[PDB]
Amino acid sequence: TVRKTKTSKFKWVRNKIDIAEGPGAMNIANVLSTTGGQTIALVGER
Amino acid sequence: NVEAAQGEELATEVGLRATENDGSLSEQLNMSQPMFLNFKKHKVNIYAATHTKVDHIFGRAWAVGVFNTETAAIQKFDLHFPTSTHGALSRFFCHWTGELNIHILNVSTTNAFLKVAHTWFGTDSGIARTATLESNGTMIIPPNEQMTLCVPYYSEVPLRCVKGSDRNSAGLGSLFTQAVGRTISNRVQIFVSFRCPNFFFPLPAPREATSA
Amino acid sequence: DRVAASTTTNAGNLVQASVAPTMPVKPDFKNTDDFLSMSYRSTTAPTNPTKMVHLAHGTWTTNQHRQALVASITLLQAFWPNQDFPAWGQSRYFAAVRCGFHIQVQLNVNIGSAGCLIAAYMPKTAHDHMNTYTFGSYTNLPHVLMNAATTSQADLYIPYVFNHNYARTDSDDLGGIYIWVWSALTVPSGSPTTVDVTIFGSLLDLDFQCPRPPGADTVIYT
Amino acid sequence: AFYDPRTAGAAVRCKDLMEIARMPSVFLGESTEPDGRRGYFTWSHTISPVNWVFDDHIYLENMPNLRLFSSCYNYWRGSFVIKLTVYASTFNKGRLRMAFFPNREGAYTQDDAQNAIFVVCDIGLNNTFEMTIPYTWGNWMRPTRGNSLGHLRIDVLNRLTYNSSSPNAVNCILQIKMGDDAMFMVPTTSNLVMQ
Amino acid sequence: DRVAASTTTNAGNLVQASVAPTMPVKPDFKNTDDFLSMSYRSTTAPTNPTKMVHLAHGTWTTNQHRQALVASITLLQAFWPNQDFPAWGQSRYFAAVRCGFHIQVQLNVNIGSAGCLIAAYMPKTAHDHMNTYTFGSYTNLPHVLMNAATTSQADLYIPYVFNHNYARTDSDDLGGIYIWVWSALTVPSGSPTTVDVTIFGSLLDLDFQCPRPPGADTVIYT
Amino acid sequence: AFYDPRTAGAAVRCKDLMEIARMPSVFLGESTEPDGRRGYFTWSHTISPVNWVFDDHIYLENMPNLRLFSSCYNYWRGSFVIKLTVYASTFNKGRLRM
Amino acid sequence: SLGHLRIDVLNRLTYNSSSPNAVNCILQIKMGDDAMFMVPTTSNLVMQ
Amino acid sequence: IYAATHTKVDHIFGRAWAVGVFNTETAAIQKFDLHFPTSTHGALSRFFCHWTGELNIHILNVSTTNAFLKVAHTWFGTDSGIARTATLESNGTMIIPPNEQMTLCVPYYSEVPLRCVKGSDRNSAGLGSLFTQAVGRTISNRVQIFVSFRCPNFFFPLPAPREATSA
Amino acid sequence: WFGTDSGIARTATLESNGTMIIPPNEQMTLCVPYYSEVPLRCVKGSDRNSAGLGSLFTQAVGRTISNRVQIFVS
Amino acid sequence: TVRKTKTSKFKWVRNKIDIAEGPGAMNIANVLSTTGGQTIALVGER
Amino acid sequence: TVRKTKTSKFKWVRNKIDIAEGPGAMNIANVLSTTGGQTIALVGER
Amino acid sequence: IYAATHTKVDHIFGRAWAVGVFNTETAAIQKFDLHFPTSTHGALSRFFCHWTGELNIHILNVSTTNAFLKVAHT
């Protein structure tokens, strides 16, 4: 294209990339990790 | 008029040049190449990125070595600079310094963890430092999986030379591994990619070796 | 006695130990001639290959049914198949063509006849296979329908359309215009049966590149 | 780590490796013998005007420097600058021209020069003659190792004139310098070893 | 459905019952190609016949005395005697030439030889008779002397000079450059005897007029 | 990469491919023979007023262009424009309705 | 079925001596202005 | 009726389509050639000759015995005039884990600025040629590969193609 | 939403109709948009044309057997 | 719905999508990755 | 390098690192998790 | 030469070190005692008696037959 604007669109973007340390290992003891979690309530209401 | 052109001063531009005075070799890079009445010198970028730039070209990795490992004993595996691939484009330079990626690829029929550790100095630092590889920067790799871990530059020689095969300062490194988890036929494949290389000084284009 | 360089078009000349040039006394190098011995414009010569030329006439009769082919023209090889054509001599050197195309289909039907021919345009890589195309759909192409009655001429302009950037002169690379029978003609008696069709072409936006020996072919894109 | 360039010959790191392509390389210069098609050739006076001293195709794979540089990348663009070099006494004088048809084989008649790029030039206090050939294709890029890049022919305009204090015949060398704008593209492996 | 006229260069087309033209969807008719697949300038093709060409080399030896003729060139018929030359193909159509001339005499003498050739210019109506002219006076002509030593090249520009306004291509009408021996060369031993002389010509201010059938001659001025 | 439209016939890229559907296509026009239900038919004077020259269903799958265009999409909306075309001398005259 | 279209004679073709006896006609279905297509789906046909 | 338009070129070719299925029991490099789509909604692209745009490739790995498999794409065929297939590591290889699949898309690298859909000629006609090899000493590693365009640019139309009963 | 028969057999290959591939021993939440020529589905009727809330297609790949699925609708 | 506001609610949103590079491979040597990590303390207190 | 600016470029950066709690276990009951999800619509339009 | 310092206490003990390897075929609770490091770079810590700080534990599970394993410290 003779006419193309110069932007981040050169590089077509991507999905963002991350790294996982623990491969999904459950943690019992720690209260912080324990508090947050999936609810089987409907719309997680209290 | 339109067609003709004349001298006598600018005959430098029309391509007459004395090779005996080159200035610096880098001075020739500045030289404007000759042109006739009709030629259009225009730099046309078809791609946004440049494949010619040193940074980009060695981003593509290249495959050095394949071996199966059935034994928990520590494996000595030595890394030469690339031959017979696009990595061989690096053969123009002697002195090289930069950190380099290592992509190892684990294949295990029976479930096995395998460990990777790198040492710029060889097996012998004057003592046998290979007793256990845990402390030297080990990074553990899960079974049927692969990782991108890159090695920082630690060397008593500030500049590695590509050409030489001499184990001391010449190679770009020596790689250590061992399997764990009581297994056999754990097979690995290892890939080496540079990151932001710094190449210093050129050499002439190397001969293809038919006789090796 | 210094270095003198000389450059014209492609050729160039690098001379050492030069001598200052000479010219006749009171020279006048102005090109044009005033007063003029020729009424033509001096830009004629380079412009000349653009001149419009008769191309590949054909004869369309009763007997030919629909989907039949009246006449065929291979576009880029059409303007200089022979030495007679104006664009030949200057195309016998340069090996590539960026040129655009102007083709005007000439036709004459005696009033009282009815039927249609279609002038289409098929590029090379399309032309490779006729067998794929439904006939009823050819109107998707750049084209012009031609009614028997009340159409003297069909004017269609074709921009350059081809895979590769430049196309080889001596080959068919631009494809070509093919003229098909949209419906049979219907003739009352008496009338001349054969209705003559002449594709009267032209060329515009002239371009040439990549010098070669006069008679030899050369590969470029493949 | 903080890398140390100053130990090296060049203080500043090489950003683009294209600058290596710009370095001249003798065409097919692997031969010790002086003759005759090998890019290192002998200009002799035994030959009349208009006869080939040097005629051969130039593949991109013949020239030594770009030979590996060709195996690495599949495609390239950009003009040539190819330069002939004659070595002669200040006495010795003669003129030879270089005809080049891009994209050609088994060329010319030896009669037809024109309708092809050429540089007529003279031996003198100066020697190297550089001439630039823009790339020519229908494509927006070309295959690197592949079809012939076309002949260059070297013929006599005026035979070598030798003196009693001057050599009988001179030895010449062709060098292909890569152009200003020449890009390379889409890196690719090859079957060759050590390059 | 009205009268439509079309004119390109010489040819022209007067059509009745015309139809409005067609073009492919979103056409772009800009000639040049950006980005460029060719580094050349698009004005190459018409400019091409102006390219400088090797012309009629000759061999000047010891034996030849003064007033002798080294080599001969018939000026206007010189640039396209064969099909090989760049200006031939486009001169094989148009029958007249207003063109000016640029001729650069190339010469190489092994240092230690002494003598001179003279490059003169004789128009046709002058060239008709050699017998009239004193040799010692040829320097009246537009010319350049060439010393053996310390002259690499002799650059002379010739404006158009001829009786009639326009001159016929296929003929000798412009006359031609003739190169004469001003003094014998003197060779010490050993040296190559023959000193090769190549007249390396060119052309400028290109002009052509008066179309003709490709191979046929046509009279104009006489 | 920077794509190059100008090499192609059309400078501007086709945003909506609906514009291809807008292109006319002869109904069931696969036949060389002139008659009679095939969408290419013969208007004759051998027939009195009010008699069929052409009568047939039109499936969306009969018309050539939309035939594949139909195989690609299951559903569609929007009006038709269907056009009859007679080719006759300026002399010849007659009236027919659809 | 999308439904019939019928073509019938209001007035028979009137042919002259200099004029053809019978004329050949053609139907064409042009898709409309607003016509959408929906929910792409494969079919069993080949090459289309 | 819908906010989005299924008619728009951008959207319609977003839906991928299945070209080819093969099991691979051998570590030898597999030549697999990609034609433009037939007998599917991809065949809607058959109206255009000239096409340029980058295209996604969804490969799907199935391994009874654990095997890694590699994917590499080359617009030029096996022969560039030399055999460039010696090792596929340097040409853009992207390694795919066992029993897993990835979305990797190929950029447009071609010496022909416009691919033509119709022709089968291996040089400029196809939309590509695909290379793979298994690793990890295995057999019966089976793959399935899907091709989806991304922001296609189609140039110039052609008439609607005939259905081929005789092939 | 339309059944096996749209008037043609559209089931020849299911790749183009919105296929979403599911890894082994795994599950996904994919939701179906509403595409129907009937703006309102009726719950009661069993008539395959407009009544049901849909018709679901699947096939295994990778040369296997005893691949067992369970499907939930929300 | 004859009356619907035009918002991002055409597209019904989604869960955000990411890509994992390393598939959960532990890293020993690097201190940075080593420092952060799961605590078996209650509420991760120091 | 005798001349190097002091920035975050000492440490060459990295991909960001996260931890997964549930290793991709589906949740039926909860409406919140159920609402968001992959669409098989083209460009996820409503 | 390096931005970071390998000499600093914080950094040096970041690199972990391997203490002990054992297979476990039995569900019975395994007593495993941790001594301070010997015969490694951890032995650099042998200069000091009194030490206080929290410590990481990297355990690495290898199971031919699928097994969960639990870790607890006292």
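Letters A, B, C, D, E, F, G, H, I, J, K and L mark the chains as written, and numbering starts fresh at 1 in each.
Criterion: contacts are C-beta pairs under 8 Å (C-beta built on N, C-alpha and C of every residue); 3 or more make two chains touch, one makes a residue touch a chain.
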Length of the shortest touching-chain route, chain E through to chain L: 2
Higher-contact pair (C-beta pairs counted), F-G versus J-L: F-G
Centroid distance [mean C-alpha coordinates] between chain I and chain B, Å: 51
Cα-centroid distance, chain C relative to chain L, in whole angstrom: 83
Intercentroid distance (Cα basis), chain I paired with chain G, Å: 37
Rounded Å distance, chain D centre to chain L centre (Cα mean): 65
Shared interface positions of chain F, touching two or more other chains: 1-10, 13-14, 18, 20, 23-27, 29, 34, 39-40, 63-69, 71-75, 87-89, 91-92
For chain B, residues contacting two or more additional chains: 1, 3-4, 15-16, 34-42, 44-48, 60, 62, 84-86, 99, 134, 137-138, 140, 142, 145-146
In chain E, residues with contacts to at least two other chains: 24-25, 27-28, 33-35, 37-40, 44, 47-48, 50-53, 84, 86, 100, 106, 152-153, 200, 202, 204-206
Residues on chain E engaged by chain B in the complex (per definition of touch): 34-36, 38-41, 43-44, 47, 50, 100, 102, 202-206
Contact set on chain H toward chain B in their complex: 65-68, 86-87, 89-90, 92-93, 95, 97-98, 135-137
Contacting residues of chain I [partner chain G, same complex]: 6, 8-10, 12-17, 35
Chain K to chain H touching residues, read off their complex: 41-46
For the chain G and chain H complex, residues of the former touching the latter: 36-48
